[PDB]
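One chain comes next, on its own, written as structure tokens: the form deposited in one PDB entry.
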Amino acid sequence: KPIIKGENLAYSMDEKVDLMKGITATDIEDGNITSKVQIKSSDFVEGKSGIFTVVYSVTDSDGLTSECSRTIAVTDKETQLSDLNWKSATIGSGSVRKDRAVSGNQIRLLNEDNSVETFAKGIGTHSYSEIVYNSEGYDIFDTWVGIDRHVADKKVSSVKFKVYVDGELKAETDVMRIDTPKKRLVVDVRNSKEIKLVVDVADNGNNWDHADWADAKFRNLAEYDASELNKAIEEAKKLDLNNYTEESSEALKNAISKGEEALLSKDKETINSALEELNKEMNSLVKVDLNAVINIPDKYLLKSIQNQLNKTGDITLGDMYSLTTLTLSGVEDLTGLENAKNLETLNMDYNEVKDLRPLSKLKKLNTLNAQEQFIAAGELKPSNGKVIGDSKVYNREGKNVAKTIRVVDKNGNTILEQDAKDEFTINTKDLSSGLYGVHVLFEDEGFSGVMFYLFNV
């Protein structure tokens, strides 16, 4: 013989539905058995816009069972009735007001906790009142109702709110008085032509029956759905990016991030495009080949890596990925180290390297020791009575970090000194016969040395 109650609800797309919200159960014998209520059945799907049905069941001490049913709408776009024109409006006293109470004051109703709720939007009327709207093309009507707070001191105010859809009563309140907290009415208006909002007089005629339809609005189902994109994002996140090439994994990571962003758009085309792109990048993934051999042209770099890994013979991509620290001896060319994606530390002081660009994309290389390089860059051959040489020494950013050029005779005398550019030109017509050295001094964070050329006059 238990009594189980629950009224229709509505949520927006952003909100988390509580299937048990506003469900209560009582039993004269058992007392309050709300916590004993179970969901018997539902068509509810999370993440879906719709008007869902939930059936609730409860069973007391003596095994007697009661049921009830209500709908829960999950909607997107809203249209305030105060932003529309009514087809017709009657009112017992005063004028129907858009976005104000009938008194002209702000719409104000009573909350359950006896605070006052002040509303920006709604319809202010007065019993007896019938207001008719064109309801074509809308899904849900939602409103708060109660006695306007302007008449809080008037004692007698009393009304009943009723909602008719195409002439049929679909929702109503009990009699509401000044001290009655606001009530919500959530009504299915799908495939309808008119809604009629009625404020009846209850007791004491219409006296002081200032009545508000606060935040009265239509709510429509969403014109997008985020569910497939959500699933694709989840599917993508399951994949082990270690199975795939750096490049293709990066593309996928980027598609995942764009998917997460597109969910916030609440826009069908944006969501659909992000899903298409994510599916594309998933299908575009390329399996890594950790056994592919890496070209390491510098025999000293090859020996350095072989020693670090304790192996002989060819170095593979997987081998390169295992490097976290590496010490170099005798290296001139870092070609191959582009593949050392996990490298954290490179100890290469007193090597022979003029170009750090192969290290540029090593994202974890936080410790680079590359001081006191000496690069024997060979002979320059005079032509047109001059020598022209390259003085580019590249850091990881591809910046030329050469600082100064010094030209030195056979007796160690500096004969020319200038700030370094990308190239230098030396007149050889006015030099005494013999050997000359060109010292290109360079310096940058962690990277320094001399690049040396010889020329003969």
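Numbering starts at 1 and follows the sequence shown. Here the rigid core means the biggest group of C-alpha atoms that line up within 1.5 Å when the two forms are laid on top of each other.
Separately, the form deposited in another entry exists; it is not shown, and the next lines address it.
- Relative to the superposed rigid core, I51 undergoes a CA displacement smaller than 2 Å between this form and the one not shown.
- Put the two forms on the same core and the Cα of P382 is off by 2 Å or more between this form and the one not shown.
- The Cα position of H439 differs by 2 Å or more between this form and the one not shown after fitting on the rigid core.
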